[PDB]
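Only one chain is given next, in structure tokens, and it is the form deposited in one PDB entry.
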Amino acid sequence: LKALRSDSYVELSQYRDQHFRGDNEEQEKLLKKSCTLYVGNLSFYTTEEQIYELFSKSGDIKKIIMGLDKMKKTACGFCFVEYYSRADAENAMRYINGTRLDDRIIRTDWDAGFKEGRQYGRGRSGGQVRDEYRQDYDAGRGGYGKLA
């Protein structure tokens, strides 16, 4: 009944897919009813096998789509995990988000839904945009940012 309802880990993030079609209203309606998650900060060598093992801890996974370099077609450092039920996705959001996957801290976000073309880095150079300007060194994402 009261504020015990607090579920901060399940709340919508600030991210919004700029290539989505509908309003921000249509993207938000999908996000609050989604069963698919965006997973960020993976290493380029984190496998689908590892993702399956960690994310299955919160419920049965239906499909996993690895993010790829649009032009090189190699692991990009992100992925989409889709559950059969939202209750299971919420729990991944609640207890898996912010923990270690293949030795690195990952972050999950609700996703409107997979669609052909969502698996490619939108990064100017092919990988993820995030990596174009990174000013930190990351041996799991190819060293320094692209502008370096």
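One rule holds for the numbers: they count along the sequence shown, beginning at 1. Only residues modelled in both forms are compared. Take the two forms, superpose them, and find the largest set of C-alpha atoms that agree within 1.5 Å; that set is the rigid core.
Taking the mean C-alpha B-factor of each stretch as recorded, 66-74 and 39-47 are not equal, and the higher mean is that of 66-74. The stretch 118-126 shows the higher mean C-alpha B-factor when 94-102 is compared against 118-126 in the entry.
Annotation for residue 88: C-alpha temperature factor in the lowest third relative to the rest of the modelled chain, per the entry. Among all modelled residues in this chain, the alpha-carbon of residue 109 has a temperature factor (C-alpha) in the middle third. In the deposited entry, the Cα temperature factor of residue 28 places it in the middle third of its chain's modelled residues.
Omitted from view is the form deposited in another entry, to which the following refers.
Taking the rigid core as fixed, one finds a CA shift for residue 15 of 2 Å or more between the shown form and the other one. Pairwise change in the other entry: residue 19 and residue 85 C-alpha atoms lie farther apart than in the shown form, at least 3 Å.
Relative to the shown form, the Cα atoms of residue 39 and residue 22 move together by 3 Å or more in the other entry. 13-24 is the sole run of three or more consecutive shared residues whose C-alphas all shift by 2 Å or more between the shown form and the other one after the rigid core is superposed.
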